[PDB]
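Here are two versions of the same chain, shown separately as structure tokens and labelled structure 1 and structure 2.
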Structure 1
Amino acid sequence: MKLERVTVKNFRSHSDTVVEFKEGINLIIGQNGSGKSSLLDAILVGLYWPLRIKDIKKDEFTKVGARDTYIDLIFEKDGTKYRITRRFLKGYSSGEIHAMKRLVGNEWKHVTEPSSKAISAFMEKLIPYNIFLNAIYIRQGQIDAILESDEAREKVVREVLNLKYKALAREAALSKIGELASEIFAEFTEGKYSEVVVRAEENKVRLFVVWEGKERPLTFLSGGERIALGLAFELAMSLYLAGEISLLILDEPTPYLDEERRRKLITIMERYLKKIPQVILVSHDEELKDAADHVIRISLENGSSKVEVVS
């Protein structure tokens, strides 16, 4: 999967924004409240509307002072270019239109009936929503979501790997993710933790950290460490699936991280994020600029986001 273009009109702080995304690490940098997460959440809305996420509401996200919201996304999947266009009219919903086209030769052609339901039906077959929310797009505040429970983790894993012996394949997959996560987390914590153990056990995927030679529960970690671990696991997952999904969208990776950890993050960008064909990384941390392949600066001007292509 590859994101080419996002166009947003009257979505939260964005009055009129166009962002071109490219291969490699695409860093979107800007201060608190400038419009970074609004762009990512516009991508989510663009792909999967109707959503049932409590903090994203049609009547809230229309930019104050405007009536019409417009989201347009161009992306590639499995060699085919796709375009989804959504127009929202606040307070109303019948006069609003949703279309999904594909590039067939030169002409763009509707892939289905231009309706939320049919598009959702197609999108779920193209890229399942759970894979997007759990494996592709890590929303702000959700870095540690994968540390939540053995069951939820089993659910995401099972969904992510899809369909001798299924169990052997599962063990091998989890083993590889565990290897990768261990390498990353050990780099992140300077050998404080020598392994991240990801283990299948009944309808559950256990997750432990090794400290002084023994497996420990996740409560063992400090807050910053849980951030590091979440990053490590999601990166391991993205790398394991690098050939299949090839995209990682990560909002603010720096919460609770001290100075050294923030420096290690750069090393991790350099060593690992560069192995994922496309990454969209959002942060207020300027230190992250040098390790990125493409930098987009966002700021708030007179009530509206302004986007500036740096590189």
Structure 2
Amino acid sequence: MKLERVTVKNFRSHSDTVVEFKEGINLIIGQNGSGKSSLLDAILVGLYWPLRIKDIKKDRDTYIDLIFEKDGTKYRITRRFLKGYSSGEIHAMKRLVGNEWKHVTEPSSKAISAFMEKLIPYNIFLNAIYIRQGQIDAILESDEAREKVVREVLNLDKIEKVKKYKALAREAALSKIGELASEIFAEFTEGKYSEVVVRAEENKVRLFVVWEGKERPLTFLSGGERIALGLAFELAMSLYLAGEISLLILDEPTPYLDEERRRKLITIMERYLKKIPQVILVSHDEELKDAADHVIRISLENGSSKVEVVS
């Protein structure tokens, strides 16, 4: 999957917003209330309507047009929500054939929904592509938090034989995650650590890194290495779910004003995240510009969201 362009009209603070996404790392900066979160929401709506997101339906017309790429085919979803009661809706999903857009299914919400559910399943997008806020932190918070995260992201599972079976399934899953995360984390730490261990004990998912043939908790790592581990873990889950990493959306994976980790993040961005076909990074940090391939600033001007390409 690869986002090309999103157009949003009359959705919250977006009166007339057009955002072009390019290859590599797309950095989105701006303040809280500028319109970036609502832009992500607009994208979600564009892709997976009907779903529960306020300020879309009627209760000026709301217009969302999304152009994206999937397995060598340009898709365009156009949605228009009419407000007035008269309160109709107009939906279309088209494919680019030469230079003409041609419908791929009935111009209906249900048909387009059914179609999208097959093209790119909603769970795949939410769990593998879209990394929402607090996730990477939750991975690093504690074993219980980690357990919650992995349970939610990978489905998993919360008469003793059945318990043993469940434990076995969980074990297999977490072991695979361990392998994937080991590889990615090895890629990240420049070869310093080559093995990551993920294990379940009761209501807790232990996470360790192997150093000199001994499992050690994340405590014995630097902040950068911890963030690297969290990212590697998330990416491992993404690979586990999707079988590949094409698009990755990172909505504020970092904290507020903590440069001690920003460096490692910049390193990771420059040296590893640029390998990914496309990355959307939504941050408040102005210091990431140089590490991105494309920078987009979203601000609030005259009460409306303004988009400007930085440099």
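What we label the rigid core is the largest C-alpha set whose atoms superpose within 1.5 Å from one form to the other. Every residue number counts along structure 1's sequence, beginning with 1.
S.K.: After superposing on the rigid core, which residue among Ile74, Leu180, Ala99, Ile136 shows a C-alpha displacement of 2 Å or more between structure 1 and structure 2?
M.R.: It is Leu180.
S.K.: If I superpose the two forms on their rigid core, does the C-alpha of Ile84 end up displaced by 2 Å or more between structure 1 and structure 2?
M.R.: False for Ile84: its C-alpha shift is below 2 Å.
S.K.: For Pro277, is the C-alpha shift between structure 1 and structure 2 2 Å or more after core superposition?
M.R.: No, its C-alpha moves less than 2 Å.
S.K.: By the 2 angstroms cut-off, has the C-alpha of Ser120 moved between structure 1 and structure 2 once the rigid core is superposed?
M.R.: The answer is no, as the C-alpha of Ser120 shifts between structure 1 and structure 2 by less than 2 Å after core alignment.
S.K.: Core superposed, what is the CA shift for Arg263 between structure 1 and structure 2, in angstrom?
M.R.: A shift of 2.7 Å at the C-alpha.
S.K.: In Å, how far apart are the CA positions of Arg199 between structure 1 and structure 2 with the rigid core superposed?
M.R.: For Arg199, the alpha-carbon shift amounts to 5.3 Å.
S.K.: Once both forms sit on the same core, give the Cα displacement of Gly303 between structure 1 and structure 2 in angstrom.
M.R.: Rounded to one decimal, the shift is 1.1 Å.
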